[PDB]
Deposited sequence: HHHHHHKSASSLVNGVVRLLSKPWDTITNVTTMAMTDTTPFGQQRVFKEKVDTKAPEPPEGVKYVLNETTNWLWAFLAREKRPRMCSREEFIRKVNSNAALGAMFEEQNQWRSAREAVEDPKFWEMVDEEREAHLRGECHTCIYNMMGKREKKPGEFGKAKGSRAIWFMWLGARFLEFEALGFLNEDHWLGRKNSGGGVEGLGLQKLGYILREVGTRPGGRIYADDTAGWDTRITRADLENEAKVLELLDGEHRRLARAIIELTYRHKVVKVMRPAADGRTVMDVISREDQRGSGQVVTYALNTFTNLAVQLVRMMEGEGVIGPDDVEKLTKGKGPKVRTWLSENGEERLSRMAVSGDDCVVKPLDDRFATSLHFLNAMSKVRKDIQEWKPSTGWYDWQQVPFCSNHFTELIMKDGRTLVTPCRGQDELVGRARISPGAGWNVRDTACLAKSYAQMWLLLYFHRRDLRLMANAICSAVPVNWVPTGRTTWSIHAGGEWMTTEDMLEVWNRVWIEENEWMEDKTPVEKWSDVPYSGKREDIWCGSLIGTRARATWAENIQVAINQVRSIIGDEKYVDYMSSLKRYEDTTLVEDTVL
């Protein structure tokens, strides 16, 4: 279905549209070392813990992306009676779950959160703990990280994708992930072991942590090869004496090297010491981590400008505000931005989903002329008192600040200035007119319709369109935000 709100307020946009082989002995050895070093590094400060039923109820109630039959199920105590029976089933080491098909699916989601949730809840893949990870950072934060990684001297910036990542995960990758168990004791260990020994037959949040983990490991190996610690001769069997060299390199260099990566699941950006990384393909290919859209043995190509590197479906740009201060903001093609908002998965939400998109754009894509205007139109056409609901966060696991009834300039201020640790001057912005746009020709390159007549005619007749949507949804309180523009 189409969102009839995002649709009607965008007239100009109407007429647009059996593998992974197990690794060889040498590759298996270096990956073992690497993943041993990396678990130890991730465990150096934090202590694993079990997550409570109270934390789960709380994580279900908040914006976690039939989200609400889960909220009803949790308040049902007969759900927890079942969870108690299956938890007991698997402190033994047995498992048979994982109208009551909904309890069984959700229960499994709790048991897994209880046993392995600490990874995400205590931010084991947050940048501070993992060096190369970015867990918990929204799109306001990521481009600043790309600009740090990009700041490190060396080669080009590489951002290669694995071709179908999830199908390239090997039993060796699974074994290295399962070393988390060694970190745990007692009841926790047994509960986690029941979870893990289920893959062998997660849980998108556990999956994300484990994907990030493994990709971090993969990138460290590729870097090791790039730097000539290992090579083509070590693939089948590691040459004598190189074992200790690999451990020494992990030990003295692992942490600096991690700070030259931004890794989010299967997505990564690496700035190596030099461009030997481009031909460093022997361990990568032997790990089954074959790059997407390029012949197996053809050197990688990277970027010079951190501002054109794609990461998490976006590139990132420096923006200079009227007061001379510089933001770093996400940007992506605008057709895909509107296209997604036009998609509906009930008039209340759709209107409430349309409003989350709008408010998302005002937070993240305010620098795009058409999205600022289109966002204010939506916010003008949807009742002020309607809470934004629905999914707008698409496969990035952090964000959601736009899911408020609070004034969006207030939240813009809190995220871009107050809570921006790359904003030295904390003086607030008082008007939307002082919140910067892209350059005009940049806006156009990323799909702006500005300068065309189809959008000329929408921009000037916008109030007619807003009024039309006010009619359909009906007799409600509406505020006019169109005067924040100009």
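- Annotation: deposited residues 1-11, 29-52, 101-109, 143-163, 267-293, 438-441, 583-595 are not represented by C-alpha coordinates in the model.
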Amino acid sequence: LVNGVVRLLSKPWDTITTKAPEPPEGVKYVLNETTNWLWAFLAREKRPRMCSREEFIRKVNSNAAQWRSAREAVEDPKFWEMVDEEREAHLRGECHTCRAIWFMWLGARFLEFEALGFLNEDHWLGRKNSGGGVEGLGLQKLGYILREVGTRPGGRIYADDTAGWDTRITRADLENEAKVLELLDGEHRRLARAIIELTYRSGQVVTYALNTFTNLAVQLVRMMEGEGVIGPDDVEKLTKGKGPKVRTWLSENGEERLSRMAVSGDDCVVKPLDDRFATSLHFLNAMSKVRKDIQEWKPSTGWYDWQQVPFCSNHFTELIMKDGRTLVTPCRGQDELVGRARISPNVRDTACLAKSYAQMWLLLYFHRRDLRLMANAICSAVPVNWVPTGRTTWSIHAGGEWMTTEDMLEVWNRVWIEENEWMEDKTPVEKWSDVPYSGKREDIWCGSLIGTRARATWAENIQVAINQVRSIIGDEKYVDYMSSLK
From here on, numbers count along this sequence of modelled residues.
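- For the pair 67-75 and 236-244, the record assigns the higher mean C-alpha temperature factor to 67-75.
- Comparing 168-176 with 389-397, the higher mean C-alpha B-factor in the PDB entry belongs to 389-397.
- Sort the chain's modelled residues by C-alpha temperature factor and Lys11 lands in the middle third, per the entry.
- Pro24 sits in the middle third of its chain by CA B factor, as recorded in the PDB entry.
- Placement of the Cα temperature factor of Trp80 within the chain: highest third of the modelled residues, per the deposited record.
- Per the deposited record, the Cα B-factor of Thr404 falls in the middle third when ranked against the other modelled residues of its chain.
- Sort the chain's modelled residues by C-alpha temperature factor and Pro48 lands in the middle third, per the entry.
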